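A.B. asks: next one to model:
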Amino acid sequence: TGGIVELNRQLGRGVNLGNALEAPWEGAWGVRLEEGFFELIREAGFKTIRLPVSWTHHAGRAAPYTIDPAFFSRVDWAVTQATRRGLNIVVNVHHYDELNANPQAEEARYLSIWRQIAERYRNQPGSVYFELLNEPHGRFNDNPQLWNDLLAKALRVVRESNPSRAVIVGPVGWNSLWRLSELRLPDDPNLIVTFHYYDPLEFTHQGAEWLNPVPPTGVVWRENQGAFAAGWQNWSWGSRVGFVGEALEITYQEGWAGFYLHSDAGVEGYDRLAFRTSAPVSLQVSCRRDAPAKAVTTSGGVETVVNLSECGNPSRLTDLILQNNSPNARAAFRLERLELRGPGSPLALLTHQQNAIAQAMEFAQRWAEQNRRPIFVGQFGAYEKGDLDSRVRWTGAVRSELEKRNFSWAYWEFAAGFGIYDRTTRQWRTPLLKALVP
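C.D. replies: Numbering: from 1, shown residues only. The structure is reproduced below:
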């Protein structure tokens, strides 16, 4: 055949049947599967269903951890409805609180679950894909090597009965592309690498009721909006930090407040930090956590440059802090420029939203090309609390960059809160669907 590259290409455009079998039981989170869903998805031009399945509530707590035959039968049914409509289907292990909380303790039960799944579907055609663990987090975030070791063990279990089926594997940080460099894979030739994409979280998860506190809404997304460079998260504290038009406004609202960008990936090869403020600002500059900061005072409209060796001297720059050098709050100012400099080409930390999407997909593609692995972006979507035009813009921009890079993908999700199909009106949410299938 064509190998794993062709299997990934055949994944093509896909959609998640979410809020369904990955809840503790089907319908617990609002979506019960129906046969007509598969037909609608096929008719809308998707080639693939991703089927999130949380198995732990359906398996014995004691060895041999047998999965409920009725639940297994429901997964059988979904596999059948996909296949009979000419769709691919990705079967995963999705939510698994116990495993993320204690990988070592829960390992045997998880591996038994995978052995049951792999043996049960061993004779399915190449249109059926396995996905070892959705979004590893918890202890896996603390020690990524736990996930590297576990995924290798689970892969060996799967390969005992499925010697060549495509197996989808992602990094920790909830399948964050920024943690790809911590992922380590065995030399198995039939692996597809996955990441999920929700940047910027302030927009895609605005109004998320599952968080405490609930993030604010009314966040708009536009290609030309200001943004931080891809992968630099706003970890600021004690401050109002935000783009207003072309300007990054910083209000230090308390003593020692900090403007703080953090990257899970980090960067190498820079030796200086350059920035410019609209007013003279007295700062503590730090580019390495728990390292000594350097005191600097800028002047309005005039660039200041600081050698990284003098404010923490990191080898891999992951944390960048401009801290209010004062026990009191400070009036708002504009950060007009912020860029890293080195022997090579500078890194502008301030950019625009569209370019941030492109930068993220370029980073993933560089990883995938270096490691010679195909890429499937198994989840991306913007929550319904955002205004629809912004969601359409974001969704189409993301899908476009994905396909420009020949990433296969699966939108989150078919129905419910990220949904593209309105089950009440029994109609597609047309502009969002068109963002995915133009």
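A.B. asks: which residues of the stretch 301-438 of the chain fall in helices?
C.D. replies: All helices of the stretch 301-438 of the chain, identified by DSSP state H, counting those that start in this stretch, fall at 353-371, 388-404, 430-436.
A.B. asks: tally up the residues packed near residue 62, please.
C.D. replies: By other C-beta atoms under 10 Å, the residues close to residue 62 number 8. For the C-beta atoms, the positions are set from N, CA and C on the backbone; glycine is no exception.
A.B. asks: swap that for residue 56, please
C.D. replies: 20.
A.B. asks: repeat for residue 168
C.D. replies: Neighbours of residue 168 (other C-beta under 10 Å): 25.
A.B. asks: how about residue 403?
C.D. replies: Neighbourhood size, residue 403 [other C-beta under 10 Å]: 15.
A.B. asks: contacting residues around it?
C.D. replies: residue 409 (C-beta atoms under 8 Å, 6 or more residues apart in numbering).
A.B. asks: same question for the one 4 residues further on.
C.D. replies: Taking C-beta under 8 Å, 6+ apart, we find residue 407 in contact with 361, 364, 365, 375, 376, 377.
A.B. asks: now those residues in CSV, with neighbour count and distance to residue 248?
C.D. replies: Below are the contacts of residue 407 laid out as CSV (neighbours: other C-beta atoms under 10 Å; distance: C-beta to C-beta, whole Å):
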residue, neighbour count, distance to residue 248
361, 24, 24
364, 23, 26
365, 17, 28
375, 24, 32
376, 27, 34
377, 27, 29
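A.B. asks: looking at the residues you listed, which is nearest residue 64?
C.D. replies: Residue 64 lies nearest to residue 376 out of the contacts of residue 407, by C-beta to C-beta, at 31.2 Å.
A.B. asks: what residues are up against that closest one?
C.D. replies: Residue 376 touches 8, 11, 168, 192, 193, 194, 407, 408, 409, 410, counting by C-beta under 8 Å, 6+ apart.
A.B. asks: ok, the second one - contacts?
C.D. replies: What it means is residue 11. For residue 11, the contacting residues are 47, 48, 88, 90, 129, 192, 376, 408, 409, 410, by C-beta under 8 Å, 6+ apart.
A.B. asks: which neighbours does the strand or helix carrying the fourth one have in its sheet, and in what orientation?
C.D. replies: Element membership for residue 90, per DSSP states H and E: strand 88-92. With DSSP bridges as the test, strand 88-92 is paired with strand 48-51 (parallel), strand 128-131 (parallel).
A.B. asks: that's a strand at residue 134, yeah?
C.D. replies: No. Counting by DSSP: H, G, I helix; E, B strand; the rest coil, residue 134 is not found in a strand; it is coil.
A.B. asks: what count of nearby residues applies to it?
C.D. replies: 25.
A.B. asks: repeat that for the one 4 residues further on.
C.D. replies: Neighbours of residue 138 under the rule other C-beta under 10 Å: 17.
A.B. asks: quick check: it vs residue 106, distance?
C.D. replies: 11 Å (C-beta to C-beta, to the nearest Å).
A.B. asks: ok, now residue 37?
C.D. replies: Distance of residue 37 to residue 106, computed by C-beta to C-beta: 32 Å.
A.B. asks: helices of the stretch 151-300 of the chain, start to end?
C.D. replies: Taking DSSP H, counting those that start in this stretch as the test, the helices found in the stretch 151-300 of the chain are 172-175, 201-204.
A.B. asks: which of those sits closest to residue 94?
C.D. replies: helix 172-175 (11.3 Å).
A.B. asks: and for the closest one, what's in contact with it?
C.D. replies: Residues outside helix 172-175 that contact it (C-beta under 8 Å, 6+ apart): 134-137, 140-141, 144, 147, 179, 182-183, 194-196, 264, 378-379.
A.B. asks: could you rerun that using 6 Å?
C.D. replies: 135, 136, 137, 140, 141, 144, 147, 179, 195, 196, 264 (C-beta atoms under 6 Å, 6 or more residues apart in numbering).
A.B. asks: check stretch 114-125 too.
C.D. replies: Here stretch 114-125 makes contact (C-beta under 6 Å, 6+ apart) with 67, 128, 154, 157, 158, 161, 162.
A.B. asks: buried residues in it?
C.D. replies: For stretch 114-125, a neighbour-count test (16 or more other C-beta atoms under 10 Å) marks 114, 115, 116, 117, 118, 120, 121, 124 as buried.
A.B. asks: still on that earlier bit, any chance of the strands paired with strand 88-92 in a markdown table, plus mean neighbour count and distance to residue 30?
C.D. replies: Putting the strands paired with strand 88-92 into a markdown table (neighbours: other C-beta atoms under 10 Å; distance: least, C-beta to C-beta, whole Å) gives the following:
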| stretch | mean neighbour count | distance to residue 30 |
| --- | --- | --- |
| strand 48-51 | 26 | 16 |
| strand 128-131 | 23 | 22 |
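A.B. asks: which one, of the ones you listed, ends up nearest to residue 222?
C.D. replies: Among these, strand 48-51 sits nearest to residue 222 (C-beta to C-beta), with 28.6 Å.
A.B. asks: pull the closest one out as CSV, backbone CA atoms only.
C.D. replies: Output in CSV follows, covering the C-alpha atoms of strand 48-51 (Å, rounded to 0.1, in the frame of the first residue of the first chain):
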residue,chain,number,x,y,z
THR,A,48,-13.5,10.6,8.9
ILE,A,49,-15.2,10.3,12.3
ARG,A,50,-13.1,10.6,15.4
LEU,A,51,-15.0,8.7,18.1
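A.B. asks: neighbouring contacts of that strand?
C.D. replies: Outside strand 48-51, the residues that reach it (C-beta under 6 Å, 6+ apart) are 11, 14, 16-17, 78, 82, 87-91, 378, 410.
A.B. asks: and if you look at stretch 220-240?
C.D. replies: In contact with stretch 220-240 (C-beta under 6 Å, 6+ apart) are residues 178, 203, 241, 243, 251-254, 257-263, 265, 349, 351-354, 356, 359-360, 390, 393-394.
A.B. asks: also stretch 417-426?
C.D. replies: By C-beta under 6 Å, 6+ apart, stretch 417-426 touches 381, 384, 412, 413, 414, 415, 428, 429, 432, 433.
A.B. asks: would you map the strands across the stretch 101-250 of the chain?
C.D. replies: 128-131, 167-169, 191-197, 226-228, 232-234, 239-244, 247-252 (DSSP state E, counting those that start in this stretch).
A.B. asks: and the third one, what does it pack against?
C.D. replies: Which is strand 191-197. Strand 191-197 sits against strand 167-169, strand 375-380, with contacts defined as 3 or more C-beta pairs under 6 Å, 6 or more residues apart in numbering; DSSP states H and E.
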